[PDB]
Amino acid sequence: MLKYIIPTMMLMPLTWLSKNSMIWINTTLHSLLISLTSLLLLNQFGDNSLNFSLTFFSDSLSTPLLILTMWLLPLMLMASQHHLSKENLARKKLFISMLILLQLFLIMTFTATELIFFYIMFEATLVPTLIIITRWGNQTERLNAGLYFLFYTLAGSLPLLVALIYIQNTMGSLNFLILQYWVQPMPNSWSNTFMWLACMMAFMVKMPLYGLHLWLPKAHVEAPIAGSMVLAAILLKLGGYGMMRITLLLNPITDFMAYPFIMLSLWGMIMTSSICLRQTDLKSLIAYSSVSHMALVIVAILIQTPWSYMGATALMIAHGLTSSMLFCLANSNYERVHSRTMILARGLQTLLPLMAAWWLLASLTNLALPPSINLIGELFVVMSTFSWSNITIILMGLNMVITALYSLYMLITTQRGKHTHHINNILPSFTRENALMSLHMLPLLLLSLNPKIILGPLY
Amino acid sequence: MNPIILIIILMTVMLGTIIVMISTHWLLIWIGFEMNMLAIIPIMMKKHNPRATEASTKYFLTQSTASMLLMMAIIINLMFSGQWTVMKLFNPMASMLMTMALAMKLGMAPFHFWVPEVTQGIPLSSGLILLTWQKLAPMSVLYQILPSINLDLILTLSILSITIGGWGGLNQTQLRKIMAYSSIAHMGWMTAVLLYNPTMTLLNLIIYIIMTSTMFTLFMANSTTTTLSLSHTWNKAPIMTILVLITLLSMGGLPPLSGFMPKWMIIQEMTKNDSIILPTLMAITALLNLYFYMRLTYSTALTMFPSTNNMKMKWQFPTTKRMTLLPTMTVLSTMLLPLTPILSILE
Amino acid sequence: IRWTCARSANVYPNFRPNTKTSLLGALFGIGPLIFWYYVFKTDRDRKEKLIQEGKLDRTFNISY
Amino acid sequence: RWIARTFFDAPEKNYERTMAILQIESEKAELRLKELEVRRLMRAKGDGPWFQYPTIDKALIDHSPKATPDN
Amino acid sequence: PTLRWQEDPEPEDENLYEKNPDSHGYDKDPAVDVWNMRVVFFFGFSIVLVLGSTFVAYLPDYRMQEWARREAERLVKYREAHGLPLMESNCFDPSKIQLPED
Amino acid sequence: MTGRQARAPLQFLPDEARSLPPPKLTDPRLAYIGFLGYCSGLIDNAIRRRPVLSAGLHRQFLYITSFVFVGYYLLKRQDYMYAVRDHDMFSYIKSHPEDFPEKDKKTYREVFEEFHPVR
Amino acid sequence: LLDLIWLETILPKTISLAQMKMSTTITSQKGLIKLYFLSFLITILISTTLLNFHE
Amino acid sequence: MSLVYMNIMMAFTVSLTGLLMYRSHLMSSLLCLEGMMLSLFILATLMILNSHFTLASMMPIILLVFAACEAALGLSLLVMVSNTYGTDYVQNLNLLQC
Amino acid sequence: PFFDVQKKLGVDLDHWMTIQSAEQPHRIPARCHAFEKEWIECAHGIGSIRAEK
Amino acid sequence: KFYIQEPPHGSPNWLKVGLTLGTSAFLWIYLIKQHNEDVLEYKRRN
Amino acid sequence: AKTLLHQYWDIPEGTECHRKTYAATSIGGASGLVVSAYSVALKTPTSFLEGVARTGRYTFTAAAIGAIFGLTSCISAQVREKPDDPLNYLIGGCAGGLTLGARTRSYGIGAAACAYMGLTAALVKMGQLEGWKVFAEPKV
Amino acid sequence: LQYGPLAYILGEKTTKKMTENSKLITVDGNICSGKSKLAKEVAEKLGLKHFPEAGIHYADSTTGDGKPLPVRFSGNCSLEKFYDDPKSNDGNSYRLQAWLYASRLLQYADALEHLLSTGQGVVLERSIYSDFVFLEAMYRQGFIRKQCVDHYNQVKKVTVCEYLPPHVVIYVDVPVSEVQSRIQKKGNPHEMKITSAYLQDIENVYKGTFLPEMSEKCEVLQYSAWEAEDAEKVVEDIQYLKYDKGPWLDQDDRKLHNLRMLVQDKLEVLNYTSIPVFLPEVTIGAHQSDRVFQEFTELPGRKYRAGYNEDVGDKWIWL
Amino acid sequence: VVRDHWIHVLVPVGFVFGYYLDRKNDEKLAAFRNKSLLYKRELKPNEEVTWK
């Protein structure tokens, strides 16, 4: 792991001591070689997690997400040109190095034994993302978006620190194993209720749940493509990762005290899939898709079945890939026509002809394509929640119907029926765009072949 | 002024603080505070505008009545158990007036009205020396009289100072009142820990002094009073932008950055007691004061304002002050997260 | 463009919380939520009572 | 077999590493708990070398024949 | 009588085509364009994707699978040979318990 | 935690700190301090309009030396501090053992837990 | 109605307007001196005889 | 305690109220600070004399020479204000608003 | 904080002003000499809290 | 060459640069001597 | 003060009624004295009769909050017959917030005061019941 | 710099470079009439070092290379466009006005340093006080809205109240038709195209407002039209007066020390140039400023501190 | 050829250095060399060590 951290340090002065028109190839090639050495991590077996350099350990809750970050970095590094090529050398190098430092605090977050180290690297994940979206947002409410963003994520995640410190000096250390192997069951007085509500409320902020969700879509639609993809995929699935870790304590009360969040989550899932049925601004639909999936993930973590945890981590990885890709398609359409609205750019089956193949493929992976990883995750979540209660399946299936409906609406309204024939600036699609389509939809199909890699540690 | 005269006067401000730090006799403490006042007045009114005259007048009245109330506390102490040892007092009344003397001295929310008034109407050098030294020296006094304090004093003054220094600051566009409101906020953080483990408070003192010296050197990069002047500092220099970014967020205190070490260890050795509602309330108001830092950041280093010609005329010339000690204090004030085991450097 | 700025973010100015707005808000938000809360408490209490009887049909009910 | 031979670690190395690492951090947790117990009882009673606030020195205390006996 | 500004209506919306018609997506320097297509379409697919596919194709028994197959086969052959009931309940022996009583 | 018999003032390293070993050469924390000194010199080049990564190499050498030297002495003080904290603690442990009970290592054959199944 | 207007009123608008009104009541001090010393005086007296600190 | 000490402390706190609440001029405020100086002087002096604590008899005279130079600094400031305006009112300080 | 330059330089240049039981200038006591000497020798090498006990 | 009437510095002084190099090399030699004395003091005491 | 809050928490809650209401009006008188003292200290009312009106307004609002809150505290505890739940004081804090809003003659101030005063009164009883220490340990 | 406190501590004073050689004289006439003829005469016959007229590219020729930078950077004044069309609402009068004000202030501060060191006293021409007179008369013709006149009034309030007014001002009166004949016999076509009532307003304000509002600060010498060359008269009149008024009586060392440290670090002078009030003729959006700023860094001398600059030299960047 | 274009060597240097640093740390952490009750065999036969 420290051999995976230290070349990400040394990759940072690469962009600094490389001259102009030469930085690009260097950063691409070297971060891809880091991605190979990243996929070399997968040694995990059987009995234990692989634990070393005492701060570090890897589950299979952490191995696939860590490979997801260390593979989604160079994809993004390639993805974020044509909107800052005409910017200056200094701000270009600063942008790239800020992304690299964002990756470093992400990997520090994902290999955190000690939960205080986890919280420090958590808000360390926060702080560059604001600078990215606020400096290169390329819209006019990005300022308010970043402000809402930081105050929601901090003020939700702030008392989590106090609760973890209370754990640190009422029990002993915060190794995750010594959090395990020692955890005494805590009874149902009111202070235990507040401590559980503190930790769960911090990560409810981060996912988001339904009641705290306007945090996200402004921050998605007013961001550059790099910040939007890292934000959506890596940050929300990081919140889920952290909840999967911290739920090992406070077991014998969360049954009693974890009802109303299920109701808020399911009704918010239906309302979110309904609100993304009728909006304009194509960019926003994928944000509300993300909120729908994360509400389903929250149901999956509040129930405590191994079926639920395997479906949870699969849903995390699959929707990270899918929503990141479909953000990239939205950015490609917006760089074709500088609109950000939807109904202006109709047509696009005729022109950009094999762009239609990638809209089809991304939207069917959003559809729960019948061997896709998205379907596997949603299916095992539905199985586990049916075992939780025999009546929840109406909301799950109604979610499925509306999810298919807005996916198909996005398909056949943005990219179907008639070119509006007053446009005359859309080019043929470049090779870079099709390269990014390929770099998104090869790993999803390879994971569709052999998926037993990425299911949870409750295997 | 002569440079001889200013080196003498700065030597006497230093001498007053060293006498306060060094003595074991209460009259020496009182003479130290007085001499510190006497010398710190003509650092103000380096110019001669009526702003400085009124500001030094207000500061003089509040500071002198604080010093005489401190002498009242000493004289009550010797109306009771009679010896000149700087130690535990022997009256809750004497401790009460002594804490209120310091609360008028260095600024707490019942007693804080003079601080933004006096910090606006002066140049930045006088504000620098007053904030740093005048908030350094009486913390030594509190560290010497910690065993005999009614905790309701420090609790009330600390909580109320955090929330007043928070809520003031949403409206002020002047830089100096922003910095004084930040000062009262850190006085709350530096005072509420005191009856628990004072090594935290003295480390917080060193942190706050290093941060505020960085901030006033960056506002002495060119003489700026509003935020608009800082947008023009963007247009004339690129690296002052990124340093205002990093040091403003370190005044905000985010965990990858070194302004989080005051919050973090204090919450730790605050909640190895079982005060929990008080730390979490303090940390919520600590989230509150970060907003005006954030709107200053959004004003200058992140967005870009429209600007003015003759900055074309300013491009040729160097910004050729000497920065007093800028780089050392910058990267010692911001990158110092992974050295929180330098807490125990202190005792 | 004008209609997009109308439907998107010019909703909130103007807005005053009136009788109609607040009543329809507290109906459409809290109502179905508290409804699903009651039905889930109903099914969960029925299930806990039936398995506390001892006669749940757990003839084999492995994947929980 | 080759991937086993050249790129990975045995479960022996990993297993004894985990056992050593648990024993180390177990010692850390137990020392920290004993530290907070000693700190609370030592602030309570004061029978230890930590919390001794600076009392009166006796070297400046004199005894020599005054001008009045009945002190 | 009012302008509030001095800047140009900016920019000219330069599509990268019509000047280098063999170009790939990014900037017009035609050597490094070939270098970029080179570096992604070799060191992203031909040494990354296909090698990762072979590397996760076979690897050890991931989370100890085929070991568990062979161990289960040996133990079930043992249990049905030596007369004992397959998967006896009470995984810990109740001789090693001291239950609270009344 | 006050004196602790300060007689013997602040005394930046006491006589007793010579019994513990000093921090080694190329310990990682002093290496961090050296990198931070390097970054200090680089931003020192950045404040003035001199070109960065050149024209300040003697100042690079001076800042790196100053920070590594000061941080070395601070690490020596830190090791003294933690050594004396553990020494005070175990001395008071061995002082009155009868007030610190050593509890019985009950095996799990007799430690009962209320079960409460998670469904 | 549910997401935009009510969720933005209840969490951002409520907190933001509360802090803004507390700002406009705190920092709106006319620059006089007799007022500040009367605040000091009643603080002293309300700390002595009403909410005691000398016990 | 005694009888005299109550009356001297009563005189002190009345002088403190006269220092804090003050209506029109600043000279009367600094003059009440001088009266508070007198009160602390007399209090510490009678304490030290009744104790026959002959050793630290430095307190009253050094207290008063120092609070005297405090009053000297104050008179310099007040005359500076009255130079740069017409009077020495609490008005004309109404600028530099909060 | 508080330093001990008063201790390290050795010359107790302020520990003569402090209490009684010292060089009063012509050797007389105060009114309450022996009480101070008894209380100081009660709580001399004591950690200030079992002194209060 | 190419500059008119104001090089304010950049014409390198030689007092300060030699002073910096000398005090820095001296500070290194002092700390290495200190570290060797500490190691030998440590193995002498134990 | 300590004395009247101790009088308020002395009575079991529980049914020993209307002493609770009188103690809560004493809470209101103290709060009104604080707010009125700072408000007339930092306004220059111009003139004193209007200052008497302002002080009377603040003390009357605070005393009315105390009175209505004590009445609904006692009544809810007598009806629900469960002297340990915080939900009765949740209802009490919302009722006090609504009457604060009605004496200030608004709607939104009343509803937000209902929410925040209810949740904080729930926190007050909840911490007094489980046991959260008043203002200090001060030990370690 | 070899200054700060330590220069005043070691090097004794600056009183010793005074007086009756070192002084501030300032020759002010109307446009193109009292020009550097009389200024070069008083410089060459009074022993007193000359500074030229304050044009536009003085900021170009004041540091680094003396080759003037193009008007995209040092403008955007377009002085001949001002003389041709001082009525176009695209913004061409006030921008030029404030740029000339900064130019005058810059060369005034530099001449003040060259007075306070070494001597020998300087002759200025068309100093700052004539510039506020120019704004006054330019508003009398009705070229600029009153708001922007108030902005220049605010700049004048802040900047001028830190300095010392000069010793003597040689006013030179040349009447209407004589200036008009000189400008219509010079030859510059965009100067040929000037108007005459603007010249009249210059005359009217430049009589009625400058000369009363001196009041023996800046001791005046009013000269007629053909009272030029004619050099011994202005030399004997400068010599044979006595200086008894104005703030240049007593400083003594402290004020002169403060002005020496205020003139150095010229951004101290220029800190009060941008207020800003936002002036829809003056402000520039960030896009134009940013691309012009990057192209200004692309100039071969200005990029990162010409004292250290590569690609001219100076072979000492310490290896 | 390394001196010609040397930019493309930095991250293998970083990875091999991190690999060696993990090796040094594993040489540091390794107690319980045979003290497990699960992997406890007689070391044989060459020289003195069975895993590292």
# chains A, B, ... in the order shown; residues from 1 in each chain; ligands from 1
$ closest_atom_pairs --of "chain K" --to "chain C" --cutoff "12 Å" --atoms "only C-alpha atoms" --output "Markdown table"
| residue | atom | partner | partner_atom | distance |
| --- | --- | --- | --- | --- |
| K:106 | CA | C:17 | CA | 11.8 |
| K:107 | CA | C:17 | CA | 9.2 |
| K:108 | CA | C:17 | CA | 8.2 |
| K:109 | CA | C:17 | CA | 11.9 |
| K:111 | CA | C:22 | CA | 11.0 |
$ write_last_selection --atoms "N, CA and C atoms" --output "compact mmCIF listing (two decimals), in the first residue's frame"
# COMPACT_ATOMS: atom_id res chain seq x y z
N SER K 106 -47.00 36.79 14.35
CA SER K 106 -46.51 36.30 13.08
C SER K 106 -46.86 34.82 12.95
N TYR K 107 -46.42 34.22 11.86
CA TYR K 107 -46.61 32.79 11.65
C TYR K 107 -45.29 32.03 11.61
N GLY K 108 -44.34 32.48 10.78
CA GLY K 108 -43.10 31.75 10.60
C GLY K 108 -42.22 31.75 11.83
N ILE K 109 -42.20 32.86 12.56
CA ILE K 109 -41.47 32.92 13.82
C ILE K 109 -42.08 31.94 14.81
N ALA K 111 -43.74 29.11 14.06
CA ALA K 111 -43.51 27.72 13.69
C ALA K 111 -42.07 27.30 13.93
$ residues_around --residues "residue 28 of chain K" --least-positions-apart "3" --cutoff "9 Å" --atoms "only C-alpha atoms" --output "short mmCIF file (atom, residue, chain, number, x, y, z; two decimals) with N, CA, C and O atoms, in the first residue's frame"
data_model
loop_
_atom_site.label_atom_id
_atom_site.label_comp_id
_atom_site.auth_asym_id
_atom_site.auth_seq_id
_atom_site.Cartn_x
_atom_site.Cartn_y
_atom_site.Cartn_z
N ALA K 23 -42.65 28.86 39.18
CA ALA K 23 -41.20 28.83 38.98
C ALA K 23 -40.83 29.16 37.54
O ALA K 23 -39.81 29.82 37.30
N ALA K 24 -41.65 28.74 36.59
CA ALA K 24 -41.37 29.08 35.21
C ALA K 24 -41.64 30.56 34.93
O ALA K 24 -40.95 31.16 34.10
N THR K 25 -42.59 31.16 35.63
CA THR K 25 -42.73 32.61 35.51
C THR K 25 -41.56 33.34 36.15
O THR K 25 -41.21 34.44 35.71
N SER K 31 -35.24 36.12 32.70
CA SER K 31 -34.86 36.27 31.30
C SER K 31 -35.25 37.64 30.76
O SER K 31 -34.47 38.28 30.03
N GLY K 32 -36.43 38.12 31.15
CA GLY K 32 -36.85 39.45 30.74
C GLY K 32 -36.01 40.55 31.34
O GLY K 32 -35.74 41.54 30.68
N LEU K 33 -35.56 40.37 32.59
CA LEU K 33 -34.66 41.35 33.19
C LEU K 33 -33.33 41.41 32.45
O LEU K 33 -32.82 42.50 32.20
N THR K 59 -40.30 41.49 29.29
CA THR K 59 -40.61 40.70 30.48
C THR K 59 -41.97 40.03 30.37
O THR K 59 -42.14 38.90 30.84
N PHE K 60 -42.94 40.69 29.73
CA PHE K 60 -44.26 40.08 29.59
C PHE K 60 -44.22 38.91 28.63
O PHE K 60 -44.86 37.88 28.88
N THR K 61 -43.45 39.02 27.54
CA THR K 61 -43.31 37.89 26.62
C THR K 61 -42.60 36.72 27.28
O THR K 61 -43.04 35.57 27.14
N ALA K 62 -41.51 36.99 28.01
CA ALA K 62 -40.78 35.89 28.64
C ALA K 62 -41.58 35.24 29.76
O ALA K 62 -41.60 34.00 29.88
N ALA K 63 -42.29 36.04 30.55
CA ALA K 63 -43.15 35.49 31.58
C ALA K 63 -44.31 34.72 30.99
O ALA K 63 -44.72 33.70 31.57
N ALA K 64 -44.84 35.16 29.85
CA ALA K 64 -45.93 34.43 29.22
C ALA K 64 -45.46 33.09 28.67
O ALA K 64 -46.19 32.10 28.77
N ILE K 65 -44.24 33.05 28.12
CA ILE K 65 -43.64 31.78 27.69
C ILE K 65 -43.50 30.84 28.87
O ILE K 65 -43.89 29.67 28.80
N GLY K 66 -42.98 31.36 29.99
CA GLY K 66 -42.84 30.54 31.18
C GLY K 66 -44.16 30.01 31.70
O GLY K 66 -44.29 28.81 31.97
N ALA K 67 -45.17 30.88 31.77
CA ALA K 67 -46.48 30.49 32.31
C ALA K 67 -47.15 29.44 31.44
O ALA K 67 -47.61 28.41 31.94
#
$ closest_atom_pairs --of "chain G" --to "chain B" --cutoff "10 Å" --atoms "only C-alpha atoms" --output "CSV"
residue,atom,partner,partner_atom,distance
G:19,CA,B:167,CA,6.7
G:20,CA,B:170,CA,7.1
G:21,CA,B:167,CA,9.3
G:22,CA,B:167,CA,6.5
G:23,CA,B:167,CA,5.3
G:24,CA,B:171,CA,7.4
G:25,CA,B:168,CA,9.4
G:26,CA,B:168,CA,6.5
G:27,CA,B:168,CA,5.8
G:28,CA,B:171,CA,9.3
G:29,CA,B:113,CA,9.1
G:31,CA,B:117,CA,8.6
G:33,CA,B:58,CA,7.9
G:36,CA,B:113,CA,7.0
G:37,CA,B:62,CA,8.8
G:39,CA,B:110,CA,7.4
G:40,CA,B:111,CA,6.6
G:42,CA,B:110,CA,9.9
G:43,CA,B:110,CA,6.9
G:44,CA,B:100,CA,8.5
G:47,CA,B:96,CA,9.2
G:48,CA,B:93,CA,8.9
G:51,CA,B:152,CA,9.9
G:52,CA,B:152,CA,9.1
G:53,CA,B:96,CA,6.5
G:54,CA,B:92,CA,4.6
G:55,CA,B:92,CA,6.0
$ write_last_selection --atoms "N, CA, C and O atoms" --output "tab-separated table (two decimals), in the first residue's frame"
chain	number	residue	atom	x	y	z
G	19	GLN	N	-29.09	33.57	11.37
G	19	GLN	CA	-27.76	34.12	11.58
G	19	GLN	C	-27.66	35.56	11.08
G	19	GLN	O	-27.02	36.39	11.72
G	20	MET	N	-28.33	35.87	9.97
G	20	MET	CA	-28.31	37.23	9.44
G	20	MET	C	-29.02	38.20	10.37
G	20	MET	O	-28.56	39.33	10.56
G	21	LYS	N	-30.14	37.78	10.97
G	21	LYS	CA	-30.83	38.66	11.91
G	21	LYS	C	-30.03	38.83	13.19
G	21	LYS	O	-30.02	39.93	13.77
G	22	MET	N	-29.34	37.78	13.65
G	22	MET	CA	-28.49	37.96	14.82
G	22	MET	C	-27.31	38.87	14.51
G	22	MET	O	-26.89	39.64	15.38
G	23	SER	N	-26.82	38.85	13.27
G	23	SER	CA	-25.78	39.79	12.88
G	23	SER	C	-26.30	41.22	12.90
G	23	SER	O	-25.67	42.11	13.49
G	24	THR	N	-27.46	41.46	12.30
G	24	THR	CA	-28.00	42.81	12.25
G	24	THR	C	-28.44	43.33	13.61
G	24	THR	O	-28.62	44.54	13.76
G	25	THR	N	-28.65	42.46	14.59
G	25	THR	CA	-28.86	42.98	15.94
G	25	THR	C	-27.58	43.14	16.74
G	25	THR	O	-27.54	43.98	17.64
G	26	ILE	N	-26.54	42.37	16.44
G	26	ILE	CA	-25.32	42.50	17.23
G	26	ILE	C	-24.45	43.63	16.72
G	26	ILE	O	-24.09	44.53	17.48
G	27	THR	N	-24.11	43.61	15.44
G	27	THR	CA	-23.12	44.59	14.98
G	27	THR	C	-23.70	45.97	14.76
G	27	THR	O	-22.93	46.91	14.53
G	28	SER	N	-25.02	46.14	14.84
G	28	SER	CA	-25.63	47.47	14.66
G	28	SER	C	-25.53	48.24	15.97
G	28	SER	O	-26.51	48.46	16.69
G	29	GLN	N	-24.31	48.66	16.27
G	29	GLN	CA	-24.03	49.48	17.44
G	29	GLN	C	-23.65	50.87	16.96
G	29	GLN	O	-22.71	51.02	16.19
G	31	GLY	N	-21.84	54.30	17.43
G	31	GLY	CA	-20.53	54.45	18.02
G	31	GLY	C	-20.49	55.40	19.19
G	31	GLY	O	-19.93	56.49	19.09
G	33	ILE	N	-19.98	55.66	23.70
G	33	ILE	CA	-19.11	55.09	24.71
G	33	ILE	C	-19.84	54.86	26.03
G	33	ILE	O	-19.61	53.85	26.71
G	36	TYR	N	-21.51	51.51	26.08
G	36	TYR	CA	-20.69	50.33	26.27
G	36	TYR	C	-20.31	50.19	27.73
G	36	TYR	O	-20.26	49.09	28.29
G	37	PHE	N	-20.09	51.33	28.40
G	37	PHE	CA	-19.78	51.23	29.81
G	37	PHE	C	-21.01	50.90	30.65
G	37	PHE	O	-20.87	50.25	31.70
G	39	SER	N	-23.20	48.77	29.56
G	39	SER	CA	-23.20	47.32	29.40
G	39	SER	C	-22.24	46.66	30.36
G	39	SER	O	-22.56	45.63	30.98
G	40	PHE	N	-21.06	47.26	30.54
G	40	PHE	CA	-20.07	46.73	31.48
G	40	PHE	C	-20.61	46.74	32.90
G	40	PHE	O	-20.45	45.76	33.64
G	42	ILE	N	-23.85	46.81	34.03
G	42	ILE	CA	-24.92	45.87	34.33
G	42	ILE	C	-24.41	44.44	34.23
G	42	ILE	O	-24.94	43.56	34.90
G	43	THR	N	-23.35	44.20	33.45
G	43	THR	CA	-22.73	42.88	33.43
G	43	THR	C	-22.11	42.56	34.78
G	43	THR	O	-22.29	41.45	35.30
G	44	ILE	N	-21.42	43.53	35.37
G	44	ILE	CA	-20.85	43.36	36.71
G	44	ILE	C	-21.94	43.09	37.73
G	44	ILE	O	-21.85	42.13	38.52
G	47	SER	N	-23.75	39.79	37.25
G	47	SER	CA	-22.90	38.66	37.59
G	47	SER	C	-22.71	38.54	39.09
G	47	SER	O	-22.51	37.42	39.59
G	48	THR	N	-22.75	39.65	39.82
G	48	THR	CA	-22.67	39.54	41.27
G	48	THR	C	-23.98	39.04	41.86
G	48	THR	O	-24.07	37.91	42.35
G	51	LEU	N	-26.87	36.16	38.99
G	51	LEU	CA	-26.36	34.88	38.52
G	51	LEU	C	-24.95	34.78	39.07
G	51	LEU	O	-23.99	35.21	38.43
G	52	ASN	N	-24.83	34.21	40.26
G	52	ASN	CA	-23.64	34.38	41.08
G	52	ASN	C	-22.44	33.64	40.51
G	52	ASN	O	-22.55	32.52	40.00
G	53	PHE	N	-21.29	34.29	40.60
G	53	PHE	CA	-20.01	33.72	40.21
G	53	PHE	C	-19.02	33.69	41.34
G	53	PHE	O	-17.99	33.02	41.22
G	54	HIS	N	-19.30	34.39	42.44
G	54	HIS	CA	-18.48	34.42	43.63
G	54	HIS	C	-18.85	33.32	44.62
G	54	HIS	O	-18.68	33.51	45.82
G	55	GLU	N	-19.38	32.20	44.14
G	55	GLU	CA	-19.63	31.04	44.98
G	55	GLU	C	-19.19	29.76	44.27
G	55	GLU	O	-19.92	29.19	43.47
$ residues_around --residues "residue 318 of chain B" --least-positions-apart "3" --cutoff "12 Å" --atoms "only C-alpha atoms" --output "number ranges by chain"
B: 221-222, 236-237, 313-315, 321-322; F: 47-50; J: 8-9; L: 63-64, 264-268, 270, 302-307
$ residues_around --residues "residue 92 of chain K" --least-positions-apart "5" --cutoff "7 Å" --atoms "only C-alpha atoms" --output "PDB file with C-alpha atoms, in the first residue's frame"
ATOM      1  CA  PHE K  69     -44.948  26.274  29.234  1.00  0.00           C
ATOM      2  CA  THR K  72     -48.785  22.623  29.443  1.00  0.00           C
ATOM      3  CA  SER K  73     -45.965  20.745  31.216  1.00  0.00           C
ATOM      4  CA  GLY K 118     -39.626  21.817  21.332  1.00  0.00           C
TER       5      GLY K 118
END
